[PDB]
Structures are given as structure tokens and as C-alpha cells.
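Have a look below at one chain only, the form solved without the named molecule, in C-alpha cells format.
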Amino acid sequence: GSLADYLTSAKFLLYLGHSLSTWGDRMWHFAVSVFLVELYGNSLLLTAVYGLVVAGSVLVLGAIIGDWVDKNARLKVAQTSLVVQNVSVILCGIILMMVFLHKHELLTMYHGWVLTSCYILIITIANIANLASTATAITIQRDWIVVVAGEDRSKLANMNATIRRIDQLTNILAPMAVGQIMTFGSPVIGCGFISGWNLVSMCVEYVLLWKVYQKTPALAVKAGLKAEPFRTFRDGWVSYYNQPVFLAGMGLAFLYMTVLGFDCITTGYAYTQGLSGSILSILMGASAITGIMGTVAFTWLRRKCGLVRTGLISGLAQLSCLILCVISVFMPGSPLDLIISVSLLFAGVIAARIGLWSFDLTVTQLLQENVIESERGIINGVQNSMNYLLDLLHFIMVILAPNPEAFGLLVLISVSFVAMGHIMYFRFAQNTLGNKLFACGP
């Protein structure tokens, strides 16, 4: 009965839906990345262009997407989001398979611009898919995790942590599956498989969400119901500016500007120095494990010493491991100048990942619990927009100077920005638990 109890319940169905959504949307993302690379071939520059376009679009559009979410009905919003995202995936896949079948034929069928037109259409549709995914993630996580968790702060925390663990495991195990499939036949078949997976996943997820709605009756009472884009943008941004939790929300955003974060740094440096071929799997495993300890440490610290003090401790940890990284880069051993050094750098990045995940969970919970219900849309959309604005600045920094001394200067600047973010969070903390900021023991 207990096993049957959980299997039905109201948390497990939400977990299942989130897992399916993330799995589909990451397999498709990596498949899109590989296909475009195969088509053009120019690495680094094109990936950065794609990321820049994505971030620039999502900033502006999510600013309005939050408003559209907060002033409609929940079930309708979720259903619309799922439908849009999956239809977008199907159409983009159809076009990609078409251009693969007749590359040179489209290149000269009428003009040389057919190929570029198809390329920009692919970019546009893959973008629309990302907007839909952002919208559904916002609404599902924020609104439904807040309402289904009830009044128990402990249950809210456990649920946030479980979502983040599901996300890290899905990242580490998804690329691998995409690879095995894509490398077991002509590309046209991998695309087909991914599209079919997405469609069946959409149907099952709609059914699961309807079922969840039927078990939480408090999900139907929305307080508030019972040219214009510029106005919405301005109102959203000023509302974000005037919120009592502003300095906290900005503190997270400054953490996104960093070359010290994974993915970019690992690919770049390993390609320049240390390809190996087996160390990268170990690094992926280490990153996953440390993310998991970050989540569990967040839970324990929140239970023991409260929220704000959890943030301060997480910040201390991340800053210490990044000082280890800076000592590493300045060594006369010369990683690139300005084997021990790369190890030190990766260790710094990993422990910084621990601290970063703890801090992110803290800030997310603060947002969830201290924001008035009617704005559970505007504020979150604006925060996403700002995070991706800093990510765009990071991309500008990466593309500007690709030299080794440039990499050293980038490390220093990223550490500086992390420090400024943590200083703003410290000011927010002092403005709350004034004087007694220390003394973890109550």
C-alpha cells in the first residue's frame, strides 16, 4: 500500500512529468547542436552565434511571457506550452531532414540563398522551441511547486532539491544516448527517432498534468481573477527593481558571467591542452556527484541554520575554491602564463560547482516564498532575462579575444564578478538579520 501510495500521490506524477520534459528537451537540443555543426563545420564561432541569438531573444520575450503566464488560467497555460514546444520540435526536424536529403540541390535549385534561408529558419524554430520550454519550466516549477507543497517549508525544499538532482542526472545521461542513436545509422533516422519520442512524451505529459490538477483542488483558485509590449517590459522591470528581495535576485545574475563555469572551459582547454579521451568522462562524473552533494548540503544547512546563513556559507565555499583556481593560473609552471595546473583549475571549478548549487537553491527558495502570488510570473521572467543577459556578456567576452593571455584575463574578470555578486548578497543579508549576521547556533 505504501508503494502504491507513493506511485499515485501528487509529488511523484509531477516528478515524472518534469523528468520526461527535461529528457526530451535536452536530447533535442544536443541533436540540433550536432546537426548544424556537421552542416557548416566551423566550431566555436557558430556555437557562440547560436547561443547569442537564443539569449538575446529570450531576454526580451520572457519579459512579456511572464506577464502572459500570471494573468491567465494554469491548466490552459501548461497545455498551450506543451503543444507549442512539441509542434516546434516536429517542424524543425522536418526542415533539417529536408535540407540533409538535398543539400546541393537547394544550394542551386533557384539561388544560393536557399541554404542560408533554411539555416535561419532552423535557428528561428529552434529558438521558438526554447521560448516554449522556458515558459513551461517557469509556470510548472514556480507556481505548481509552490501550491502543491502546501504550507510545509521542508516539503518545498525537498521538492526543489529533487527537481535539481533529476536535472543533473538527465544532463549527464542524455548526450550519451543521443550519441549511441545518431552513431547507429544515417542522421535522417536519429532525427526521426527523437521527433517520435517528443510526440509520445507530449501526450503522456498532458495526461499526467491533467491527473495532478485533479488531486490538488487549491490549484483552481487564482487570486486576482476571482506599444503594449514596451509598457509590459517597463512595468515588469520597475516592479523587479522595487521588490524588497532585489539585491538577492541580482546576486544570482552576476554569477552567470564566468568562464570558470563548466562546459565552455572544459571543451576549450581540453581541446587546446589535454584531449586524452577518458579523463572527460571522469570529469563529467565528478561534476554530477558534486552537484548532488551541493543539493544535500543545501537541505541540511537550511534545516539547521536557516536560509540567509545558508547563502552566506555557500558563498564563502565558492569564493575559497575560486581563489584556489586563481593561485593555479598565476603559477610560474605556466598553464598558458600571463599538469599540476590543469588539475588545480578543474578542482577549483568542481568545488565551486558545489557552492554554486547550494547558493542557487537558496535564492530560488527565497524567491518562491517571499513574492506575492499575483507577481509569480513577472519577477521570474525578469530574473531569467537578466541571467541570460549576463550569459550574453560572457559570450561577448569569449568571442572577443581567443588568445591565452586573454584566457588569463577572463579568469580574473570572472572571479571579480562572482565576488561582486556575493558582496551584494551580503548587503541584502545585513539589511535583514542585522548585527546577528554570524552566530549560526541559535
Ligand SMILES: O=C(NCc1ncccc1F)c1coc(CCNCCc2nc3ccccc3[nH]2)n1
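All residue numbers are counted from 1 along the displayed sequence. Definition used throughout: the rigid core is the maximal C-alpha set that superposes within 1.5 Å between two forms.
Keep in mind the form deposited with the named molecule bound is missing from the figure; the text below concerns it.
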In the bound PDB entry, the residue from 260, 132, 329, 92 that sits within 4.5 Å of the named molecule by heavy atoms: 260
May I ask you to choose, among 356, 138, 78, 248, the residue with a heavy atom within 4.5 Å of the named molecule in the bound PDB entry? 356
Look at the candidate spot formed by 142, 366 and 425 and say whether the named molecule comes within 4.5 Å of a heavy atom in all three of them in the bound PDB entry. no
Note: the named molecule not shown here; in the bound PDB entry, the stretch from 64 to 72, 388 to 396, 36 to 44, 373 to 381 having heavy atoms within 4.5 Å of it is 388 to 396
Please tell me whether any heavy atom belonging to residue 216 falls inside 4.5 Å of a heavy atom of the named molecule, as the geometry stands in the bound PDB entry. no
Would residue 256 count as a contact of the named molecule in the bound PDB entry, using a 4.5 angstroms cut-off between non-hydrogen atoms? yes
Within a 4.5 Å heavy atom cut-off, is residue 408 in contact with the named molecule in the bound PDB entry? no
Is residue 415 one of the residues lying within 4.5 Å of the named molecule in the bound PDB entry, judged by heavy atom distances? no
Heavy atom within 4.5 Å of the named molecule in the bound PDB entry: which residues of 195 to 211 meet that condition, in order? none
Only one of 239, 370, 273, 154 passes the 2 Å C-alpha shift threshold between the shown form and the other one with the rigid core fixed, namely 273
Fitting the rigid core first, would the Cα of residue 386 be found 2 Å or more away between the shown form and the other one? no
Cα of residue 94 displaced 2 Å or more between the shown form and the other one, core superposed? yes
Relative to the superposed rigid core, does the CA atom of residue 210 travel 2 Å or more between the shown form and the other one? no
Cα of residue 265 vs residue 350, shift of 3 Å or more in the bound PDB entry, relative to this form: the pair sits farther
Thinking of the 3 angstroms or more shift, are the C-alphas of residue 400 and residue 272 brought closer or pushed farther apart in the bound PDB entry than in this view? closer
